[PDB]
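Notes follow the structure.
Convention: sequence-line order gives letters A, B, ...; per-chain numbering from 1.
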Protein chains: 2
Amino acid sequence: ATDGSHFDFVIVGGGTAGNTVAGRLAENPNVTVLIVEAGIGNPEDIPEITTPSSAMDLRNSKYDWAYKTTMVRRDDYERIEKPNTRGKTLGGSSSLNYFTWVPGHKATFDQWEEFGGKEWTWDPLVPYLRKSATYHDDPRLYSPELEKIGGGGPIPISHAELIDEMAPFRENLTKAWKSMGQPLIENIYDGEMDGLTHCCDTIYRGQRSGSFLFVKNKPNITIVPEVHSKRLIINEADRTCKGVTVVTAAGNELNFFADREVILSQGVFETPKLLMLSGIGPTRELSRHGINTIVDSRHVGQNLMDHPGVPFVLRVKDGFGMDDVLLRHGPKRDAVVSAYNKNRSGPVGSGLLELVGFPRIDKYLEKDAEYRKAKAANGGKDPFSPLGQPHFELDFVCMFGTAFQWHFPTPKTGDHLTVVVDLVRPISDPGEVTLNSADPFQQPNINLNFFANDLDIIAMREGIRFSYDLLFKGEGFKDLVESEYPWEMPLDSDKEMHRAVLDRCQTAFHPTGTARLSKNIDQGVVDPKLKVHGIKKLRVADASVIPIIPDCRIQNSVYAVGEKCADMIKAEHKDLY
Amino acid sequence: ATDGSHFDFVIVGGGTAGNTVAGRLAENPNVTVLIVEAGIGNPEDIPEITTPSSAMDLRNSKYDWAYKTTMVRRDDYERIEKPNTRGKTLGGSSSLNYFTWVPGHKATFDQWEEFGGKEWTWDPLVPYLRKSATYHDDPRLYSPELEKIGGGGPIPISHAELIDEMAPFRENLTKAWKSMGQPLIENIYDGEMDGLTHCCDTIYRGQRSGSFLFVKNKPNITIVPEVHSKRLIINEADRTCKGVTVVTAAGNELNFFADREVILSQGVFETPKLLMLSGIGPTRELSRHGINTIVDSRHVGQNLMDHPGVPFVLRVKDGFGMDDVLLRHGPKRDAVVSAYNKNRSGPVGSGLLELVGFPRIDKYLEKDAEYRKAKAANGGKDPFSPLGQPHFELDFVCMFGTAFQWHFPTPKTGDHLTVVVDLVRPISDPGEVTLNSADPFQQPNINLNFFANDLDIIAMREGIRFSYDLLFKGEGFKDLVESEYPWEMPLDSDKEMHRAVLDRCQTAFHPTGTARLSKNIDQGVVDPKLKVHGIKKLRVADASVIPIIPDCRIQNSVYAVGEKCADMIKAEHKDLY
Ligand SMILES: Cc1cc2nc3c(=O)[nH]c(=O)nc-3n(C[C@H](O)[C@H](O)[C@H](O)COP(=O)(O)OP(=O)(O)OC[C@H]3O[C@@H](n4cnc5c(N)ncnc54)[C@H](O)[C@@H]3O)c2cc1C=O
Ligand SMILES: Cc1cc2nc3c(=O)[nH]c(=O)nc-3n(C[C@H](O)[C@H](O)[C@H](O)COP(=O)(O)OP(=O)(O)OC[C@H]3O[C@@H](n4cnc5c(N)ncnc54)[C@H](O)[C@@H]3O)c2cc1C=O
C-alpha cells in the first residue's frame, strides 16, 4: 500500500474480531477496507497453523507474541511467566488457539446489561454468537436441532471429528461422569450448560478455521501484514480519529487514513497499549511516560480479567491417550502424518479435546468452613455463580499437553491424559495492563492477578478434587489410571493444595476487559456502540471490550463482538449499507 | 531505651557485621554502643535458631524477611521468587544461615585493591578473616596447622562434627572425587582452594555460632530489638550523620543519636534502601519517589552481585543420607531428638554439609564451541577465573534439602543427596536494588540478574555435568545412586539444559555489592575506611560493602569486613582507644 492512502474503514490488528469486522464491512464490494497487522499475511500457507494437532507447538514460535506476564501477585506469592501466548499473524489468536467453540451461560451475558444495556444481553446476542459459523455434522452423530448453531458464516465448525482409537477413552469418561451423578448434555448453545458435552470446534475436515477466512478473495480489502502500529492518528480539535501510523519491516513510518471509521482490534493486551500511546487512558499513567492526555479514560488497560487454570496430567493405560501416535517419533506417527498429507484425514487433524465438562461443585465447596462463611456473608448466594452458571470448564485433553505443563518435561514413555481445570467464574479482582514506556515495540506490562481472593484458591482446589474423584473413582475410568505426573497432587492437605494451586496454575488463555463496553467513561472505555468514549470515528472490536468474562473458552463471544460491531457500523453508514 | 538518647556509636541493624562492629567497639567498657534491630533480641532462646539441623526450617518463619526477588531477567526468561531468605533477628542472617566458614581465593581478594587499595588485599585481610573465630578440633582429626584459622574471637568454629552414620557416604564421595583425578585439600585458608575439603562451620558442640555472641554480657551495649528503621538523621549543612530514626512495635517514632559515628549494617538489601530513604543515592531514583537528594551517589543499590546455584537431588541407597533420621517422623528421629535435648549430642546438631568441593572445569568448558570462542576473544584468558580460582563450590548435603528445592515437594520415602552446584565466579553483570516507594516498611525491589550472560549458563550446565560424572561414574559412589529426583537432568541436550538451568536455579544466598567499597563516589558508595562518600560520621559495615564476591559461601568475608571496620574506627578515635 502507498503511504498516506485513504480507505473507508481501517482495521488495526487483523485478528479474531479484526478480520470479522473487516470481512463484514467488505460485503459491499464498493466499500474500501484496510487491515494493518504485525504478523504474516499468508497463514493458510503455514502447515503448523492449518494443522490442528500442531496448535500447542505454536507456543514460542514465530507466530507467538510470547509476552511476559505476571500470573499471580499476592503478598504470599508472585510468579511471572513467558510465554503468555497470543497470535502474531493474520487471524491473530484464532490462528494458534485450541479450537473449542462454546458461547457461555445466558445468565452471565444477561448481566452485560449493566454495561451495554439491553442489546448486550443473551437473546439479542444469540444471532451474533452464531453468525460467523457454518455448522457441519457429516457423520450425522448429533441432534439435527444443533444445526442452529451455524448461521452461515465463513468459519466452518463441527463437533470434534472423533478419533477412532479414543472411543474406549470417551466411553469410560462418559461412564465415570454419569457414575458421579452428573448430567450429560449436548445442547450448550441456548444459555444452559450443566454437564459433560461433546464439544464443537473451529476445525473442519482436519483444517483449522481461522478468522483469516473472513478476509480473503475480497479485492476491496487491502491487507498490509508485517507492520507494527506506532500510534492512532487523533485530531484534538475535532476530537476525531483520523487513521493510524505504522512501521514497516524496513523501518519506515506510514500513515493510513480512514474516511469513515477506525476499528481498533489489537486484542486485550495491545489495544489498551495503543490507546494509551495515542493519548487515551489514565492521565497519571500517560504523564508518567511523557504522553499527552487527549482523553482521561481511567478504565483503559484496567479490568483485565482472565480464567486461571490448574492443569494436571495422569499417566493412563496404553491406548487411552494419543502420545504414542502424535507426540513420539516412529512408524505410528509416520503413518498418520502420511495419511494427513495425502487427504487431511486421521488424528493429525485432531484438536485432541473431544469431551468437555461444565459442572458445579456446590457440595465440595460446602465442605469448606471458609466458603460456607463467605456464602453466608453474601446473604446465602454462591459467590462464584449465584445465577446457576457452571463453576468449571473441565477439558479432558487426550494426550500430554505441553501447552498446559509449563514447568514439567514431556514424559518419555506412556500415554497420558491432560485435565485442564479451568475456574470459569472466579471472583478475584481484575488485573491490569500498563505501559512500560512510550516505545511501541515494547510489550505492555501485564498482571492477571489470579487468585487475589482466597475463595478462588478454595474453589480451584475443590475442582481438582472433583476431577480426581471422577477419574480415580468413576466407573470405567478408574481402571485406566496408572499414575500422576510428575508427582502426587497433595489433595490430603489444604495447606499444600494452597501452594500447589498458586505454583501450578496458568492462564487458561482467555484474557478480556481492558477497554470494556460501558454506558459512560466513568464505567468503561467504549459505549454500547463500541465507540471510544471521548473520540469520534474510533471503535474497538476485540476481547478487551468484554465486560464480564464468559463461563468457558471465549473465542465464540469474541467473534460475536466483531459481528455485532460490524452490524452497528453498517446501521450508522446508511449511504453505504 | 529513652527517646532522643545519645550513644558514642549507633549500629543500625544487629546482623552479622553489625554485631561484630558493635561488640568490638564495646571492648572499651566505657564506650556506649546502641544497636537497633528489626527482629527479636533473644535468638539464643529459640531452639530453631540454636539447633543447626533446623536451619532450613527457618525459611518462611518469623525470623525471615522472606523478600520477593527477581532471580533472572533475560529477554527469553524471567522468574521472581519468594522467599529470598534473610535473617530478621539479632544476628541477622548469621542466625539462619547454613554454617559453612570459608574465606575464598587470594587472587580474588587481591583484586579488591582496585576498590580499596592495598589494605583491602589478601595478606592484610587474613587476620580480619580469622579474628572473629575461635577454632576447635576436639576429636583431633585435622592438621594442627589449621588452628591458625581461629584468632580467638567469640564465634566458635570447627570442622563439621561428623555424623557417624554418614562415614560410608563420606568415604565413597572421597573415592569418587579422587577417581575423577581431582585433589583432596584441607588447607583452604591461605588463598588456595583447589579440591574436595572437610569444611569448617559456625557450629560447636551442636550449637549455632551467631553474631549475637559478640554483643551479650556487655552492659555498655544497649540493645533495642523490634524496631524498624525509618531514616538516617542527616544534617545537610554539616553534611553529617547525626543518628537514626526508628519505629516501635506500638508505632512510635524514636530518634537515637551517635556522638561519634553511625554504622549502617542493615545488609545488602536494606542498607542501600535506608541510604536512599535518607537522601543518599541516585538522584533520579530519589526524585521519582519524592525524596530530596542530599548526595547524588550513583552506585547506591547498584552492583548487586550474588552466586547463582542449580541444586539437584539424587535418591541414594538406604543409609547414605539422613532423611530417615532427621526429616521423617518416627522412633529414629525421636531417638536423636531425645539425645540432643539432654546433652546436645547427635545428628540433630549437624549442619548436614561435611564435604565441599572447589573444582575447576576447564576441560568441560573447552568442549563448548561458544566458551572456546569467548576465551579466545578474551585474549586466551579464562573469562570466569583467569587467576586460577575455582569455578564452583559443590556442596554435598547429605539429605533432601527444602532450602534448595523451591518448587519440588519433599519426597515421602528414601534417603537423598542434595548437590548444590554453586557458580562461584560468574561473569554476568550485577543486578540492582531499587526503591518501590518511600515507605520504610516496604521491601526494596530486588533483581539478581542471574545468567544475564550466556557463558554463565554454559558453565552452570558444565558444572552439573561434572557433578553427574563424579557421582554416577565415580569409584564407590557410583554404586550408591538409585535415581534422580524429581525427573532426569537433560544433560543430553544443550537446548534443554539451557531451560533447566534458568528454570531450576536459585540464589546460593550470597548477595553483595550494593554500597561497595571504592576510591571515590564515581566508583562506589563508601571509601576505603568504609565511610559513606559525601557524609561524615557514617560508615557501612556489611555485605553491601564487598566489591568482588568471594569464591565461596561468604559469611567469613562479612565478619572480616566488620572486624576491619571496627579496627579502622578505633584508629580514628584515639581518645577512646
Ligand atoms: C494459546 C491460546 C489458546 C486459546 N484457546 C481457545 C480455544 O480453545 N477456544 C476459545 O474459544 N478461545 C481460546 N483462545 C482465545 C481466542 O483464541 C481469541 O482469539 C481471543 O480470545 C480473542 O481474539 P482478539 O480479536 O480479541 O485478539 P487477537 O489476538 O485474535 O487479534 C489481535 C491482532 O492484532 C495484532 N496486533 C497486536 N498488536 C499489534 C501491533 N502493535 N501492531 C500491529 N498489529 C498488532 C495481532 O498480531 C493480532 O493479529 C485461545 C487463545 C490462545 C492464545 O492467544
Ligand atoms: C539462607 C541463608 C543461608 C546462607 N548460608 C551461608 C553459609 O552457609 N555460610 C556462608 O558463609 N554464608 C551463608 N549465608 C550468608 C551469611 O549468612 C551472612 O550473614 C550474609 O552473607 C551477610 O550478613 P550482613 O551483616 O551483611 O547482613 P545481615 O542480614 O546478617 O544483617 C542485617 C541486619 O539488619 C536488620 N535490618 C535490616 N533492615 C532493617 C530495618 N529496616 N530496620 C531495622 N533492622 C533492619 C536485619 O534484621 C538484620 O539483623 C547465608 C545466608 C542466608 C540467608 O540470608
Side-chain angles (χ1 to χ4, degrees), chain B residues 16-17 19-21 23-24 27 52 94 97-113 116 118-162 174 183-205 207-211 213-214 351 353-358 387-390 393 395 424 546 550-568 570-571:
Chain B
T16 312
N19 296 336
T20 302
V21 169
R24 291 301 191 194
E27 282 164 342
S94 78
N97 77 13
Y98 311 137
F99 313 107
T100 321
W101 180 269
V102 53
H105 194 278
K106 166 173 155 54
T108 292
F109 280 97
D110 276 346
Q111 306 307 289
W112 290 25
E113 168 162 4
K118 231 59 178 55
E119 68 182 308
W120 289 97
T121 56
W122 181 257
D123 298 319
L125 286 182
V126 161
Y128 295 120
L129 287 159
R130 299 172 178 183
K131 198 175 176 178
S132 312
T134 294
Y135 179 80
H136 307 263
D137 184 358
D138 295 349
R140 322 196 54 91
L141 298 181
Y142 305 92
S143 173
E145 296 186 42
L146 260 17
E147 69 183 274
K148 72 185 153 206
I149 76 173
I155 294 130
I157 73 162
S158 173
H159 283 85
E161 302 173 320
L162 294 172
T174 294
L184 255 31
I185 189 170
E186 288 312 338
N187 183 16
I188 59 168
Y189 309 93
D190 288 315
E192 309 261 49
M193 48 195 307
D194 189 32
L196 185 73
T197 194
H198 284 91
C199 59
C200 294
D201 285 283
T202 46
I203 300 169
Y204 186 55
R205 287 172 130 268
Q207 290 249 140
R208 176 192 290 278
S209 308
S211 79
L213 254 21
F214 260 102
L353 207 200
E354 300 172 336
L355 289 160
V356 170
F358 298 98
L387 259 28
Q389 301 105 136
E393 163 169 351
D395 305 312
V424 122
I546 298 169
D551 323 77
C552 54
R553 298 187 174 200
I554 66 171
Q555 84 171 317
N556 189 185
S557 63
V558 180
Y559 279 103
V561 157
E563 295 280 15
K564 181 169 180 47
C565 184
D567 260 13
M568 301 190 294
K570 289 187 188 176

Heavy-atom nearest pair, B/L387 first then B/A107, reads CB-CB, 3.7 Å
Shortest non-hydrogen contact between B/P390 and B/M193, atoms and distance | CG-CG, 3.5 Å
CG/B/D110 to CH2/B/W122 distance, rounded to the nearest 0.5 angstrom?
-> 9.0 Å
Does the distance from a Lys or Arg side-chain N to an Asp or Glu carboxylate O, for B/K148 and B/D190, drop under 4.0 Å?
-> yes
Whether B/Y204 side chain and B/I155 backbone form a donor-acceptor pair below 3.5 Å | no
CD (B/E27) with more than 12 external heavy atoms under 6.0 Å | yes
For B/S94 and B/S211, indicate whether the former's side chain and the latter's backbone hold a donor-acceptor pair under 3.5 Å.
-> yes
Quick check: does any side chain N or O of B/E147 sit under 3.5 Å from a backbone N or O of B/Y135, one acting as donor and the other as acceptor?
-> no
Can you check whether B/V356's main-chain N or O pairs, donor with acceptor, with B/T197's side chain at less than 3.5 Å?
-> no
If every non-hydrogen atom of B/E354 is compared with every non-hydrogen atom of B/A160, which pair is closest and at what distance?
-> CG-CB, 3.9 Å
Regarding B/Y142 and B/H159, is there a side-chain donor-to-acceptor distance under 3.5 Å anywhere?
-> no
Report the C-alpha distance between B/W101 and B/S209 in whole Å, list the side-chain angles of each, state the deciding distance to 0.1 Å, and finish with yes or no for side-chain contact (heavy atoms from CB on, under 4.5 Å).
-> CA-CA 11 Å; B/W101 180 269; B/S209 308; over 6 Å; no
So, does B/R24 use its side chain to make a donor-acceptor pair with the main chain of B/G562 at under 3.5 Å?
-> no
Hey, could you give me the CD/CG distance between B/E186 and B/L141, rounded to the nearest 0.5 Å?
-> 10.0 Å
CE-CD distance between B/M568 and B/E119, expressed to the nearest 0.5 angstrom = 6.0 Å
B/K118 and B/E113, any side-chain heavy atoms less than 4.5 Å apart | yes
Could you tell me which residues satisfy side-chain hydrogen bond (donor to acceptor under 3.5 Å, both in side chains) with B/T100, sequence neighbours excluded, listed by chain and number?
-> B/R553
How many angstroms lie between atom CG of B/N97 and atom CD1 of B/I554, to the nearest 0.5 angstrom?
-> 9.5 Å
Do B/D395 and B/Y98 have side-chain atoms, one donor and one acceptor, less than 3.5 Å apart?
-> no
By side-chain hydrogen bond (donor to acceptor under 3.5 Å, both in side chains), which residues pair with B/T202, not counting sequence neighbours?
-> B/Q555
Heavy-atom pair of closest approach, residues B/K564 and B/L125 | CD-CD2, 3.7 Å
Test item: side-chain donor near acceptor, B/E563 and B/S132, under 3.5 Å | yes
Shortest non-hydrogen pair, B/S557 vs B/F109, comes out as CB-CZ, 4.1 Å
B/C200 and B/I149: which non-hydrogen atoms are nearest, and at how many Å?
-> SG-CD1, 3.8 Å
Can you find a pair of side-chain heavy atoms, one from B/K131 and one from B/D567, that are under 4.5 Å apart?
-> yes
Any side-chain heavy-atom pair of B/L213 and B/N19 under 4.5 Å | no
In terms of heavy-atom contacts, does CD of B/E192 have more than 12 from other residues, nucleotides or ligands at under 6.0 Å?
-> no
Out of B/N556, B/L129, B/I188, which residue meets the side chain to side chain contact (heavy atoms under 4.5 Å, CB included) rule with B/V102?
-> B/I188
Roughly how far apart are B/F99 CZ and B/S158 OG, rounded to 0.5 Å?
-> 13.5 Å
